[PDB]
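Here the structure is laid out as structure tokens; the discussion comes afterwards.
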């Protein structure tokens, strides 16, 4: 079965950086759009960023443009989210997700997520 193996959360002060990692299990990231959503306190899900590793196409939510960068290493079958210039309002649990070519979720279950705390 497909699994998303997530890591890289942590605790930093505003202005600091983290890098999230999402390693694919049960599929190749070349076959897919992969990226992150986050769940902050009191909110629904917010899409953050996505990449199509085959050609490197990326797209970002306006809320993170210029601060976060999404990337992929196909030889590691892993995607990354570099988060620079973190703000307190970036505190959330971040989840890796797959989307199909229809822009809609393409995995059966959420992974366990990774916590990013900015304070």
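In the deposited numbering, the protein residues as written are 1 to 52, 52A, 53 to 82, 82A to 82C, 83 to 100, 100A to 100C, 101 to 112. Idealized CB from N, CA, C, for every residue including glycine.
Query, Result
"Classify residue 50 as helix, strand or coil using the three-state DSSP reduction.", "strand"
"Could you tell me the boundaries of the beta strand (DSSP E) in which residue 100 lies?", "Careful: residue 100 lies outside any beta strand (DSSP E) and carries neither H nor E."
"Applying the 10 Å Cβ sphere with the 16-neighbour rule, what's the burial state of residue 6?", "buried"
"On the premise that residue 58 lies in contact with residue 82, defined as a C-beta separation below 8 Å, what is that separation, rounded to the nearest angstrom?", "Incorrect: roughly 16 Å between the Cβ atoms, too far for contact."
"Does any residue of chain D have a CB that is nearer than 9 Å to the CB of residue 60?", "Here chain D cannot be found, since the structure has a single protein chain."
"Within its chain, find whatever has a CB closer than 6 Å to the CB of residue 50; leave out the 5 residues flanking it on each side and keep chain order.", "33, 35, 58"
"Hey, out of 82B, 77, 52A, whose CA is closest to residue 64's CA?", "82B"
"Below 9 Å between beta carbons: does that hold for residue 14 and residue 83?", "yes"
"Do the CB positions of residue 10 and residue 108 come within less than 9 Å of each other?", "yes"
"To the nearest angstrom, report how far apart residue 22 and residue 52 are at their CA atoms.", "14 Å"
"Less than 9 Å between the C-beta atoms of residue 87 and residue 68, yes or no?", "no"
"Can you check which of these residues, 76, 74, 46, is closest to residue 62 by C-alpha distance?", "46"
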